[PDB]
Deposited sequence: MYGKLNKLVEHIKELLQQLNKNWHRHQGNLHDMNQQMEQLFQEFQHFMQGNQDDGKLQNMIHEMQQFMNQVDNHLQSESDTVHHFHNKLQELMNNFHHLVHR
């Protein structure tokens, strides 16, 4: 019956595990880019290399914006679902 609730609680477990894995990759990403800033600081054309660093950082900036937008989209939908639920029961 309404024991999709046991099942879906288990889906959250799986997705939470998948999340820490992705968070790990976010720390490692942040790790390399800090190492790389330090390299550039030491070496301060090389401004073609600078141009490429800026363009790569731009990519990461755009990707994390997409990550945010996506979390907010699903979070918003969860809210709507809780609102629907509330009106259902009240």
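In this chain, the deposited residues that lack C-alpha positions fall in the ranges 1 to 4, 49 to 55, 102.
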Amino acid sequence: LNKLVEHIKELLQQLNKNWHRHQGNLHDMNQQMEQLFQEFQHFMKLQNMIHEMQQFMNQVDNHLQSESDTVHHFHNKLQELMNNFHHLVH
From here on, numbers count along this sequence of modelled residues.
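Mean CA B-factor, 70 to 78 versus 10 to 18: the higher value falls on 10 to 18. Averaged over Cα atoms, the B-factor as recorded in the entry is higher for 22 to 30 than for the other of 22 to 30 and 59 to 67.
Ranked within its chain, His90 lands in the middle third, by CA B factor from the PDB record.
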